[PDB]
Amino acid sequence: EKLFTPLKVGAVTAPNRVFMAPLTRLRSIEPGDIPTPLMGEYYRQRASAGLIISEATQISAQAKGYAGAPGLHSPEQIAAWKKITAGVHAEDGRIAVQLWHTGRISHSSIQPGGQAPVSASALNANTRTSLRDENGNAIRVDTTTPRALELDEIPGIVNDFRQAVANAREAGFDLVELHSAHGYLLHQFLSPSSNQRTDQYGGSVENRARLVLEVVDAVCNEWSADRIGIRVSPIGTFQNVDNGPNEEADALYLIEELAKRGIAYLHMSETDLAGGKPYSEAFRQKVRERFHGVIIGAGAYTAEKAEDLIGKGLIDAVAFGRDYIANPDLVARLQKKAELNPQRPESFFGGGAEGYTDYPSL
């Protein structure tokens, strides 16, 4: 067994390879998109994870696409997150903040001024997002057609990521994870399906990856490369965003570029929740030889698969999502081969303590 052995992850050392995947739970306070004491308790319960990766967190107000998702742009958000990171650290844990801009997976009613959200191109996501009704309950609503970002707006987006990373450092996070996956803004630029731009930010893979690499460079400069991770979902289709007709070659291009920056980790979300083709070992070897930091695998992993791939030298750690929702002490349960608590999906999004902090430890 290697799941319970330490791993250096950039600036920190994880005591095990069982990571908590980023999980949107939509329990923040509105107005203000403010983390809560309840959220602090939830993360503190899970502090035995080798690394906690937070729920996706807005870099700016414009970044918002879901009612109840937190931000890391305002003073009140920074103050609230400081308490959460302090609670994890009090339990000897480590926590990364996942930073996103939702782009076109959003609704005008939660954008600044009630205006259309932004994207690479003016193409509707053709999906739904989660808003809140008059009683504060989560509801699903069709996405608003976005406005294409103007060329002169792109530096502002890069700056918002830079500033959110500075804020993350002050808030006490150990690392940041850039959300470059699952059809959100960075992936909207990466994918030919969502990017029809004819400037230097669309067309070729070099142009499509330009934004995310500008963001990586800005955040490495702001903090340090050994504090930066990135999540990608570059093989398959995710929330209607595919990866184009040359997905493998394009993925390897992006990974080679990321490696040049010497960042802490590469987190691969391998399949959508609705499933997808498995990664071949040949593709895993190609990824492995191109990236010199930690590789985290995710997507319906079992402990057995994690051990198999870690043992083969193809990945270093595994992020578990739904098992971490239901099992605060997942590390101890996997180590002891204990049964897991059953999942209650109806309370994954929104609500309060029920289905959030009420899954017992052993």
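Each residue number is its position in the shown sequence, starting from 1.
Per-stretch averaging of Cα B factors for 210-218 and 133-141 places 133-141 on top.
Averaged over CA atoms, B-factors in the entry run higher in 331-339 than in the other of 43-51 and 331-339. Going by the entry's values, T271 shows the largest Cα B-factor out of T271, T85, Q115, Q98. Note on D226, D152, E170, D174: the highest value goes to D152, judged by CA B factor as recorded. Residue-level temperature factors show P360 in the middle third of its chain, judged at the C-alpha atom. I230: CA B factor lies in the lowest third for its chain, per the PDB record.
Ranked against the other modelled residues of its chain, the C-alpha B-factor of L314 as given in the entry falls in the highest third. Split the chain's modelled residues into thirds by C-alpha temperature factor. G103 is in the lowest one. Among the modelled residues of its chain, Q196 has a C-alpha B-factor that falls in the highest third, as given in the PDB entry.
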